[PDB]
């Protein structure tokens, strides 16, 4: 396991800073009663030889998902039983994920942009953009 090498690698924790996230959640067709708000969220991204791991956790929601990815290579995961296709790529120093949710005819853009000490995550679906800011853990 390697925890450095790219600016977006590391252990990231959500902050109080969030923008337009309910509009993004609504545009995905998800209920705000269970997916809105600003619950403490962790992103951990590290390298394991020939691939990366990306662990997402939302402890209040009993959610933990470990995503295995190789840059530029498609992968799949599941949420409940919604299949999710993804492909992570680098845009220079930033990390992007292209996400298909075929059952719902949705395409989602995720971006991870590290401004130094801080990580800005941008979420886009169609013309709806949300942002959330993360800090390095501890």
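Numbering follows the first chain given and starts at 1.
The deposited model assigns a higher average Cα B-factor to 36-44 than to the other stretch when 36-44 and 61-69 are compared. As the entry records it, the average C-alpha temperature factor is higher for 71-79, out of 47-55 and 71-79. The entry lists C-alpha B-factors for 124, 17, 121, 11, and the highest of these is at 17. Out of 107, 27, 84, 97, it is 27 whose C-alpha atom has the highest B-factor in the PDB entry.
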